[PDB]
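Everything below concerns the one structure shown next.
Cβ sites come from the backbone with ideal geometry, for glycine too, and all protein chains shown count toward neighbours. Quick note: the coordinates plus some simple rules give every number you see, no bench work behind them.
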Amino acid sequence: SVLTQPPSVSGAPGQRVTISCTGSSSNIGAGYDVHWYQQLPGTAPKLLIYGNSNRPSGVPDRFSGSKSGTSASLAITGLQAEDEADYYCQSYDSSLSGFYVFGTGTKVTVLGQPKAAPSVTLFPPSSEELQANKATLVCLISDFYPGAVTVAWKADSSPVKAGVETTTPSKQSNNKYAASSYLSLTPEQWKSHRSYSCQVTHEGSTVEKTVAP
Amino acid sequence: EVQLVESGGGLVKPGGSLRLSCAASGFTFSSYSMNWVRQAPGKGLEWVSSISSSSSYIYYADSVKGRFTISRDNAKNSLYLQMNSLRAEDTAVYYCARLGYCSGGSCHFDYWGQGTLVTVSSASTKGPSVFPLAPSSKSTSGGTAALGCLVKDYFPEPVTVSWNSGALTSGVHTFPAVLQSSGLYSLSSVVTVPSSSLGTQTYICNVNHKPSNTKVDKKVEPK
C-alpha cells in the first residue's frame, strides 16, 4: 500500500498552499511519524520535514508539517517558482512484516494559466480482443492543467491496482496536458463483474466513467 | 559535507544482472543504516532495501526480495546492491539514502545520493496487435461519436497511425504510448466524427510499425 496525496497542488505567487497525506491505521495511525521530501525537477529527493513537524537546517520556515490521526499535511506559505517540485510524504507500515511507505507524490505548480479540468473517454474491451483471449480497458484523459492527475480503477466498487499501466502526462499541441491509462483483464474477469470504472482526480475535480459487458 | 555517489547502473536485458555501488564520504559510514530507494520514470519513490550499521539486520521490499541482495563494506565506506533476475519493471533511478537518527517513530532518510539509472529492456522487435475501439457518443459533444484504434504490445518506438489513408485528420488525437511493465509499448488513436456518418462513412486506422515492417489496416465499425 501507499500514502495518498493529491496529484496537483497549485496557486499564484505569494499564496499559501497545503498538501495532504492520507494513510491508514497500518502506517500513520500505527504510531509512526511522517516525513517529507522535496524533489526539484531532475534532482534527487531532499529532506524537507522530519518527525511530523521538524525543519532541517536550510529549509525555510515557509514550510511546515503536521500529523493528525491517520493523515498528515505540508503547508507552504509565500509560494514562489523555486518551490515548484514534486513533494513526497513518507512513513512506516506494519503490514507485510514492515516497510517504509511513500506517498504517491504531489506536483506543486505556480499557475501560469488558469486551471483546466480533464475530459475522460473510457473504452471497453473490443469483441475482437475478447476473441483473442485478452481484454484491455482504455481510459483517455485530455485537456487538463496543471499537468498531473491520479487514475484509479475499480472492479464494481472495489479498487484494482493490478494490470494498470498509466502514462506520465504529455503536453498537447494546445499546451494543456493529456494522459492515458490501460487496465488489463482476463475475458472471464471482464464478464464476471457488473462493471469497471476509471476515476480521474485532478485538483478540485473527480471524474468517474464506468463501462459494463 | 555528507556525500553519497552511486554507480553501476546501465542498460541490461531481462534476466540480466547488475551490481550497484554507493560511495559514502563526509561522515562515519559505519554509524548509520543505509538504504536503496528507486523511482521509475514518471512515478513516485519506492523503498527497495535497508541494511543496519554493521549489517546485523537486512530488509527488502516484497517487489525485489529473493532477487536483490544488499550489503556494505564499512572499511571501504561502500554500499552495494546486487540485482539478479532483472525485469523490465525494475527500470528506475536508484538512490542511495542514509537513515537519520531519531529517538522513535521510525526514522527518515536525511541524505540522498544523485542516483544511478538502471534500464531493463529487451532489444527484440515486437509487432503491434491492433484492435478497433467501436464508436461511443457518451463523452463527446452533441451529434458526434468517438472511435479509435488500440495499438497493443509493440517494440521499439515508433508507430504511426493515420485515418482513412491520411484523408481524415480533423479531430484525430493519437495519444503518446505507455511503456508497460512488460517493456512493450501500447498507444491509442481516437477520432471524433459525426454520428450521422456512422452508417455511411467507413473509418479505417492505418498502423505502421516500421521497426518490425508490420502494417495493419483496421476497419472500426459500430457495434
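A few remarks follow.
- Meeting the requirement of 2 or more residues that are among the hydrophobic types (A, V, I, L, M, F, W, C), the strands (runs of 3 or more DSSP E) wholly within the stretch A:106-174 are A:106-110, A:119-123, A:135-144, A:150-155.
- Matching residues, the stretch A:79-105, being surrounded by 18 or more Cβ atoms within 10 Å (Cβ to Cβ), touching a residue at least 60 places away in the same chain (Cβ under 8 Å) and not in a strand (DSSP E or B): A:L79, A:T104, A:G105
- Within the stretch A:52-69, residues that are surrounded by fewer than 14 Cβ atoms within 10 Å (Cβ to Cβ) have Cβ atoms under 7 Å from residues that are assigned to a loop (DSSP other than H, G, I, E, B) in these pairs: A:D61/A:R55, counting only partners at least 6 apart in sequence or on another chain.
- Hits in the stretch B:15-53 (condition: of a type in the set (D, E, K, R) and within 14 Å of chain A (Cβ to nearest Cβ)): B:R38, B:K43, B:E46
- Only one entry in A:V200, A:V207, A:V164 is closer than 20 Å to B:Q180 by Cα and in contact (Cβ under 8 Å) with a residue 60 or more places away in the chain, namely A:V200.
- A search for C-beta distances below 6 Å between a residue of the stretch B:196-223 that is free of Cβ contacts under 8 Å to residues at least 40 places away in the same chain and any residue that is surrounded by 13 or more Cβ atoms within 10 Å (Cβ to Cβ) and β-branched (V, I, T), counting only pairs 6+ apart in sequence or on different chains, returns B:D217/B:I204.
- The residues listed here are B:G104, B:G127; of these, the one that is surrounded by fewer than 20 Cβ atoms within 10 Å (Cβ to Cβ), farther than 19 Å from B:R38 by Cβ and away from every other protein chain (no Cβ under 11 Å) is B:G127.
- Within the stretch A:184-204, the residues that satisfy the criterion of being under 19 Å from A:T104 (Cα atoms) and touching a strand residue (DSSP E or B) at 6+ places or on another chain (Cβ under 8 Å) are A:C198, A:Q199, A:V200, A:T201, A:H202, A:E203.
- Counting the residues of the stretch A:38-59 that are facing another protein chain (nearest Cβ under 9 Å) and not in a strand (DSSP E or B) gives 6.
- Any chance B:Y94 is within 14 Å of chain A (Cβ to nearest Cβ), in contact with a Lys or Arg (Cβ under 8 Å, 6 or more places away or on another chain) and within 21 Å of A:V101 (Cβ to Cβ): yes
- Condition met for B:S170 (closer than 24 Å to A:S173 by Cα, outside any strand (DSSP E or B) and within 14 Å of chain A (Cβ to nearest Cβ)): yes
- Take the conditions (1) in contact with a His (Cβ under 7 Å, 6 or more places away or on another chain); (2) free of Cβ contacts under 8 Å to residues at least 60 places away in the same chain; (3) within 12 Å of chain B (Cβ to nearest Cβ); A:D156 misses just one of them, which is (3).
- Hey, A:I76 more than 8 Å from chain B (Cβ to nearest Cβ), within 17 Å of the chain's Cα centre (by Cα) and touching a residue at least 12 places away in the same chain (Cβ under 8 Å) or not: no
- With respect to (1) more than 28 Å from B:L117 (Cα to Cα); (2) assigned to a strand (DSSP E or B), the lone exception for A:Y32 is condition (2).
- Flag for B:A145 being within 27 Å of A:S184 (Cβ to Cβ) and part of a strand (DSSP E or B): yes
- The set of residues in the stretch B:130-141 being within 8 Å of another protein chain (Cβ to nearest Cβ) and in contact (Cβ under 8 Å) with a residue 60 or more places away in the chain consists of B:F131, B:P132, B:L133, B:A134.
- Pick from the stretch A:96-134, criterion among the hydroxyl-bearing types (S, T, Y) and more than 8 Å from chain B (Cβ to nearest Cβ), ranking: farthest from the chain's Cα centre (by Cα): A:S97
- Yes/no for B:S21 being closer than 26 Å to A:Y37 by Cβ, among the hydroxyl-bearing types (S, T, Y), buried (at least 16 other Cβ atoms within 10 Å of the Cβ) and touching a residue at least 24 places away in the same chain (Cβ under 8 Å): yes
- Number of positions in the stretch B:83-110 that are under 25 Å from the mean Cα position of the chain (by Cα) and farther than 24 Å from B:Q180 by Cα: 3
- From the options A:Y87, A:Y50, residue that is out of contact with any helix residue (DSSP H, G or I) (no Cβ under 9 Å at 6 or more places or on another chain), closer than 27 Å to A:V149 by Cβ and hydroxyl-bearing (S, T, Y): A:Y87
- Residues located in the stretch A:60-71, provided they are more than 12 Å from chain B (Cβ to nearest Cβ) and at negative phi: A:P60, A:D61, A:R62, A:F63, A:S64, A:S66, A:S68, A:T70, A:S71
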